[PDB]
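Reconstructed Cβ throughout: ideal geometry from the backbone, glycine too, with neighbour counts over all protein chains shown. Read the figures in this text as sums done on the coordinates, not as results from a lab.
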Amino acid sequence: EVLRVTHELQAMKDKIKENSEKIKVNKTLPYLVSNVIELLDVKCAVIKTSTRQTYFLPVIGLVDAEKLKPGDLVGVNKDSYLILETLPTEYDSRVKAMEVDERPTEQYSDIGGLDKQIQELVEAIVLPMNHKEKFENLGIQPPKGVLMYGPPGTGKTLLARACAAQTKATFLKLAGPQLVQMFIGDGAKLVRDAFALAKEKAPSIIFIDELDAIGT
Amino acid sequence: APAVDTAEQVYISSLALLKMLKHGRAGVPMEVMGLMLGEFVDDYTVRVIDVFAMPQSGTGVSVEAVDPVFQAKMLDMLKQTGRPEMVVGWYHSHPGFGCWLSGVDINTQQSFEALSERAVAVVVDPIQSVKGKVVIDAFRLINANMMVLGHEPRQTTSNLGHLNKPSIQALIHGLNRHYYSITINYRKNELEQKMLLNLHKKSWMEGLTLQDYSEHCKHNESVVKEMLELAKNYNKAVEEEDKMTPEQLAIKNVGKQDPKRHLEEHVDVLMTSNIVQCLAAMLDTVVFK
Amino acid sequence: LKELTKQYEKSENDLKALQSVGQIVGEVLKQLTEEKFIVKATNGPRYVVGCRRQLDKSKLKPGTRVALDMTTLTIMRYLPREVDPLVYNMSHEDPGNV
Ligand SMILES: Nc1ncnc2c1ncn2[C@@H]1O[C@H](COP(=O)(O)OP(=O)(O)OP(=O)(O)O)[C@@H](O)[C@H]1O
Ligand SMILES: [Mg+2]
Ligand SMILES: [Zn+2]
């Protein structure tokens, strides 16, 4: 009987081989890099291709359902517009270029007069990031962010690098005037990848200078 | 020097059209391809009888897309059923493009011509052939070494300008320069058309139904009212009878209007409906008890 | 064999999927007759489009998102309204369970 099981194994092995060869010869290249907007239930997703055209898919294609999530950047066929392979993100390379670790060391000795503001930032961050156990125990929710408003030349960028300097962290700087790209869906992808990268790394701070570029 | 005369006609059977259009529309977003079965009966016609679809591959429409094992197995399997035909050519769809050949298609046809120098290539566009018109043009490569003699090397005949005129949509992509069209002719015979007429054939029940009397009366009343307005218009136009060049009056007021077009044609439809309904009703009162 | 059975059924579903083709997402803007609509693609021209037989005429009201076939240009199925945090007003703000 073991020979019968072996024969079934070999037959289904060559069946797997032929279906795999069909899949491989239907994969080929190129793929249309498309961004899945959402996933409707009634195994079918609404894709917006990089060609600025949306195409509903009756079936998802050569991928598995729960792996796909709203916002996933995948590669689809140029004609049938069907998901072929999920494309890894890797946070591009520009996003990883903004984790700058040559912090010019704005020690609080290099910033004068902005003392109470330094202490207010260190009350809003640092201790929430460093000594967080007591912060959970108290029930004081630490504000996730601070907005540095002030007349130009006040030193907002300086104190930002300062509290990025003497308080460790990764300092993923995400300055606003950078976050405007004539390519559609690049700035938004930049922000989402920056936050995903901040999730990936150790305790860090996302810093956005001149928010008016996108904050209008 | 052997030459393909313009009177050479590639015979496509009725089954071939339906299956080729079905394959084109099934894989319509992409360019489907397959191998056509037929016989080179003589020099002046190439008869194709059946066809089978090459499975779609990511390469597209090329010599690579032809799978040797699949075509061999399909040929051997079809031989046992009673179809010992030879590979006669290949077809590929051109969704919305039209009826022409690309450079890759040019090489693909060249490779087919290597096995036999009458391997025809036809194109079927499923989108332009959306109605009674079926855009399907056959092509065979003309040899680039035959520029010394006359392209389209045909001889004594009279069917070069018949059944088609070289299309502008295909001339610019190269016609009578690299590849030349072949007149299309479809082999349709009895015992095949009769089976096909069953697509919309009605039945014995149809022709005896009395429609619906409520909506029949509503339609009759609506047509009678529109006839009353049209008769008011007819009275106005006829009683006008303006004689400042009445022949020019009959040509300065032609916009498909009152006088005759929206006249008795509407009488035609209402009278046809009424007589058909009355005759059917009387036939039912006679036959049914 | 059993694990091969499961992954082979999945692979056959993938093979069937490879034949399946996409539909342009469109939005109905008018209903001329009971087989006529004016559907506008998300980024594209406006087409006079019909509806598939296995589809309710009533549901396709002005503003109903649809996914028509991209070759025959005929509606195949309805889609619910698109959802995205693209709203320009404060409605998406939650007052908080206080
Ligand atoms: N409180 C301060 N202590 C020391 N140097 C300061 C202080 N405020 C500003 N500076 C200096 O003045 C300059 C101001 O540049 P910086 O970008 O740091 O300020 P900013 O107010 O954030 O600027 P902008 O609004 O134009 O972006 C820098 O060279 C900085 O070193
Ligand atoms: Mg600044
Ligand atoms: Zn082609």
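State yes or no: is B:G98 within 18 Å of the chain's Cα centre (by Cα), among the small types (G, A, S) and more than 16 Å from ligand 1 (Cβ to nearest atom)? Lay out the reasoning, then the answer.
Values: within 18 Å of the chain's Cα centre (by Cα): yes; among the small types (G, A, S): yes; more than 16 Å from ligand 1 (Cβ to nearest atom): yes.
Taking the combined requirement at face value, the residue satisfies it.
Looking only at segment B:162-179, count how many residues are farther than 13 Å from B:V135 by Cα and of a type outside the set (K, R).
The qualifying residues number 10.
Condition first: within 16 Å of ligand 3 (Cβ to nearest atom) and exposed (fewer than 15 other Cβ atoms within 10 Å of the Cβ). Now tell me which residues in segment B:64-100 satisfy that. Step through it out loud before you land on a result.
Taking segment B:64-100 first, the residues within 16 Å of ligand 3 (Cβ to nearest atom) are B:64-66, B:89-100.
Scanning segment B:64-100 gives B:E64, B:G96.
Residues of segment A:48-58 being under 23 Å from B:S57 (Cα atoms), within 9 Å of another protein chain (Cβ to nearest Cβ) and of a type in the set (S, T, N, Q), which ones? Reasoning before the result, please.
We begin by selecting, within segment A:48-58, every residue under 23 Å from B:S57 (Cα atoms); these are A:49, A:55-58.
Still in the list and also within 9 Å of another protein chain (Cβ to nearest Cβ): A:55-58.
Residues satisfying the conditions do not exist here.
Regarding segment A:7-22, can at least one residue be identified that is at the interface with another protein chain (Cβ under 9 Å from one of its Cβ atoms), in contact with a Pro (Cβ under 9 Å, 6 or more places away or on another chain) and surrounded by 14 or more Cβ atoms within 10 Å (Cβ to Cβ)?
Applying the first criterion (at the interface with another protein chain (Cβ under 9 Å from one of its Cβ atoms)) to segment A:7-22 yields A:8-9, A:12-13, A:15-16, A:19-20, A:22.
Of the ones still in play, those that are also in contact with a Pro (Cβ under 9 Å, 6 or more places away or on another chain) are A:22.
From what's left, surrounded by 14 or more Cβ atoms within 10 Å (Cβ to Cβ): A:22.
Within segment A:7-22 (the criterion being at the interface with another protein chain (Cβ under 9 Å from one of its Cβ atoms), in contact with a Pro (Cβ under 9 Å, 6 or more places away or on another chain) and surrounded by 14 or more Cβ atoms within 10 Å (Cβ to Cβ)), the answer is yes, since at least one residue qualifies.
Looking only at strands (runs of 3 or more DSSP E) that lie completely in segment C:40-98, which have at least 1 residues being away from chain A (no Cβ under 14 Å)? Don't jump to the end; show me each part of the working.
Details: elements: C:46-51, C:65-69, C:74-79.
Of the strands (runs of 3 or more DSSP E) lying wholly inside segment C:40-98, those with at least 1 residues that are away from chain A (no Cβ under 14 Å) span C:46-51.
Return the only residue of A:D193, A:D79 being within 16 Å of ligand 3 (Cβ to nearest atom) and crowded, with 16+ Cβ neighbours inside 10 Å.
Working: A:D193 fails: within 16 Å of ligand 3 (Cβ to nearest atom).
Result: A:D79 is the single residue among A:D193, A:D79 that is within 16 Å of ligand 3 (Cβ to nearest atom) and crowded, with 16+ Cβ neighbours inside 10 Å.
Among residues belonging to segment A:23-47 that are surrounded by 11 or more Cβ atoms within 10 Å (Cβ to Cβ) and of a type in the set (K, R), point out the one that is farthest from the other protein chains (Cβ to nearest Cβ).
We begin by selecting, within segment A:23-47, every residue surrounded by 11 or more Cβ atoms within 10 Å (Cβ to Cβ); these are A:23, A:25-28, A:31-40, A:43-47.
Okay, now just the ones that are also of a type in the set (K, R), so A:27, A:43.
On the way: A:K27: 6, A:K43: 9 Å.
The extreme case among them is A:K43.
Pick from A:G71, A:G61: which is of a type outside the set (K, R), out of contact with any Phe, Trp or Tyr (no Cβ under 7 Å at 6 or more places or on another chain), surrounded by 12 or more Cβ atoms within 10 Å (Cβ to Cβ) and within 14 Å of chain B (Cβ to nearest Cβ)? Break it down stepwise before answering.
Working: A:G71 fails: within 14 Å of chain B (Cβ to nearest Cβ).
None of the others qualify; the one that does is A:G61.
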